[PDB]
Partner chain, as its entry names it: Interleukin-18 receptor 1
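Taking the form solved without its partner chain, here's one chain by itself in C-alpha cells.
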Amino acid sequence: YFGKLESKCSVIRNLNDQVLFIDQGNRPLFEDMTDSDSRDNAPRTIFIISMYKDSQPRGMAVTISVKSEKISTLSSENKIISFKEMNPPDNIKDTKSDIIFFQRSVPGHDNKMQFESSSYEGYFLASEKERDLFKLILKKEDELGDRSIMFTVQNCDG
C-alpha cells in the first residue's frame, strides 16, 4: 500500500534536453527550447511529482500530475500513456497502481532517472521520435542502458 508524503513542482527533460509539455490535445510531447511554440507551451511544462511511502519498497514510488483547470495524473493503464482525471491520492490500498511509477537513478549517473510502471513490470516512460514530434510513450524496455528512457528532473519549488 502507498501513502502520499510530499509533492514537488518539477520540469522533466529527456536525453536531448528537450522539455516535457502537454499540448493542446492533451498529448505529452517534448519541445526544443528554440521552438517557436515554447512561449505558448510554457504553462504546460510544469509537472507535480508526488512521492509515496511504499509498504513494499521497490524504488521511489511517485505519481506525475499536471495542473490545468483541474489536476490530472499520468497513467500506464492498458500499457499506454494517458491522463486519469484525478488528483494524486492520499492513500492507495494496492501494491500496484496504474498511476504509480518507480523512479530510480541510473547506475553511475545519480541525476538521470528512469520511471517504471508499477502495474506493468519492465515498461518505462520513454521519449520517442515519431515523424516530426517527440512523444512521451510507455515502452517495454529490456535494455536499462537505453538513454531514451532516461530523464532529468528539475525542481521549480525553489
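Positions refer to the first chain, counted from 1.
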Problem set entry | 129-137 versus 41-49 - greater average Cα B-factor per the deposited record | 129-137
Exercise. Looking only at CA atoms, which has the higher mean B factor in the entry: 106-114 or 51-59?
Worked result: 106-114
For this session: Using the B-factor values recorded in the entry, state whether the Cα atom of residue 5 falls in the lowest, middle or highest third among the modelled residues of its chain.
Result: middle
Exercise. Comparing residue 30 with the other modelled residues of its chain, is its CA B-factor in the lowest, middle or highest third?
Worked result: middle
Problem set entry | Position of residue 76 among the chain's modelled residues by C-alpha B-factor, lowest, middle or highest third | middle
For this session: For residue 123, return the chain-relative third of its C-alpha B-factor as stated in the PDB record: lowest, middle or highest.
Result: middle
Exercise. If you rank every modelled residue in this chain by C-alpha B factor, which third holds residue 68: lowest, middle or highest?
Worked result: highest
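Note that the form solved in complex with its partner chain isn't included here; everything after this is about it.
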Exercise. According to a 4.5 angstroms non-hydrogen atom cut-off, is residue 103 in contact with its partner chain in the entry with it bound?
Worked result: yes
For this session: Indicate whether its partner chain has at least one heavy atom within 4.5 Å of a heavy atom of residue 69 in the entry with it bound.
Result: no
Problem set entry | residue 119, heavy atom within 4.5 angstroms of its partner chain in the entry with it bound | no
For this session: Verify the contact flag for residue 64: yes if a non-hydrogen atom of it lies within 4.5 Å of a non-hydrogen atom of its partner chain in the entry with it bound, no if not.
Result: no
